[PDB]
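Trainee: to kick things off, part of the complex as it is:
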Amino acid sequence: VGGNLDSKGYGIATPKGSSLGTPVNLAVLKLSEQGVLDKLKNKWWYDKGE
């Protein structure tokens, strides 16, 4: 019954100082470039309506 209240999203979270933070962030950015994230969004949100 209305528009969005703010502009915030979801981010992959890791423990502070973890070695996995930078590689996972790079993978997220590259997949955003590759469009796999939008493809999964289409598959699960738009491609599952009946």
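Mentor: On my side now, so go ahead. Residues are numbered from 1 along each chain as shown, chains lettered A, B, ... in the order given.
Trainee: so where do the helices sit in chain A?
Mentor: Along chain A, the segments classed as helices by DSSP state H run A:21-34, A:36-44.
Trainee: dump these to JSON lines, plus mean neighbour count and distance to residue A:9.
Mentor: In this view, the C-beta of every residue, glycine as well, is placed from N, C-alpha and C. Formatted as JSON lines, those follow (neighbours: other CB atoms under 10 Å; distance: least, CB to CB, whole Å):
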{"stretch": "helix A:21-34", "mean neighbour count": "12", "distance to residue A:9": "11"}
{"stretch": "helix A:36-44", "mean neighbour count": "11", "distance to residue A:9": "11"}
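Trainee: let's have these in JSON lines, adding distance to residue A:4.
Mentor: JSON lines is the format used below for those (distance: least, CB to CB, whole Å):
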{"stretch": "helix A:21-34", "distance to residue A:4": "20"}
{"stretch": "helix A:36-44", "distance to residue A:4": "16"}
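Trainee: extend the structure above with chain B:
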Amino acid sequence: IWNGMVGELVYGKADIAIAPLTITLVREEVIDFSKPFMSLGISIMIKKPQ
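Mentor: This next block brings in chain B, placed alongside the chains you saw above:
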């Protein structure tokens, strides 16, 4: 060839851009961005119905 706000920034004609300049990934490759000071979104505008 960049132009506009980013064009002035890249060629070093000015030091700081303080304007309604939206943070985008493509601009991040040539200029840096601060944290968002306000939230917004793209909307549609028409003349109100007579």
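Trainee: which bits of chain B sit near chain A?
Mentor: B:25, B:36, B:39, B:40, B:41 (CB under 8 Å from any CB of the partner chain).
Trainee: what residues does chain A put near chain B?
Mentor: A:3, A:4, A:6, A:7, A:32.
Trainee: which of those lies closest to chain B?
Mentor: Nearest to chain B among the residues of chain A next to chain B: residue A:7, at 4.1 Å, using CB to the nearest CB.
Trainee: list the contacts of that closest one.
Mentor: Residues near residue A:7 by CB atoms under 8 Å, 6 or more residues apart in numbering or on different chains: B:36, B:39, B:40, B:41.
Trainee: same question, residue B:11
Mentor: Counted by CB under 8 Å, 6+ apart, residue B:11 has contacts residue B:2.
Trainee: how much space between it and chain A?
Mentor: As judged by CB to the nearest CB, to the nearest Å, residue B:11 and chain A stand 26 Å apart.
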